[PDB]
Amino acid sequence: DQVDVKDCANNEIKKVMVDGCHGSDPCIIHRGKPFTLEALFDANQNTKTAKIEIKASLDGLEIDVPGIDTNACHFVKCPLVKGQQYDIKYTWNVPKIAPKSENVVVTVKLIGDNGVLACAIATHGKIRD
C-alpha cells in the first residue's frame, strides 16, 4: 500500500499510502472520486493547531480544492506532542472540472504553530476519469 514519495521538509513523513496505489506505479486519481491518503509522521514540534494542504501540479498548472476541511486537528488528536508519532487519514477529492493529465505531482503539506510539520511529494500521479 505504501507509495514512493520525495520528502520536501525534514523527513518527518515516515510513510504514505493512498487507496489503490503502490510503490512507483501510476497512482490514478479519478475525477470526482474521493481519494484517500494516509500519512504517518513524527511531530517535529509541540503545536495546538495543525493545517493540511494538498495541491496537484500538472503541465504548468497548479490546483487545489476549495471547500474542504483543512484542519488536520479534525483527523488526529491535538495538540501534537513533539517527537511523538501520528497517523493521519485524509480524504481528498478532485472535481470533474479538473483537467486530465498523465503527469501530475501531488504535494501533501502539514503546517503547525511553529512552521512546517511535514511535506511529501508523490510524482506518479495521473488524473483521469
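Residue numbers here begin at 1 and follow the sequence given.
- As the entry records it, the average C-alpha temperature factor is higher for 78-86, out of 96-104 and 78-86.
- When the C-alpha B-factors of 55-63 and 28-36 are averaged, 28-36 comes out higher.
- When the modelled residues of the chain are ordered by C-alpha B-factor, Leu110 sits in the middle third.
- For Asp129, the recorded CA B-factor ranks within the middle third of the chain. Only modelled residues enter the ranking.
- When the CA B factors of the chain's modelled residues are split into thirds, the value for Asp4 lands in the lowest one.
- In the PDB entry, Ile121 places in the lowest third of its chain by CA B-factor.
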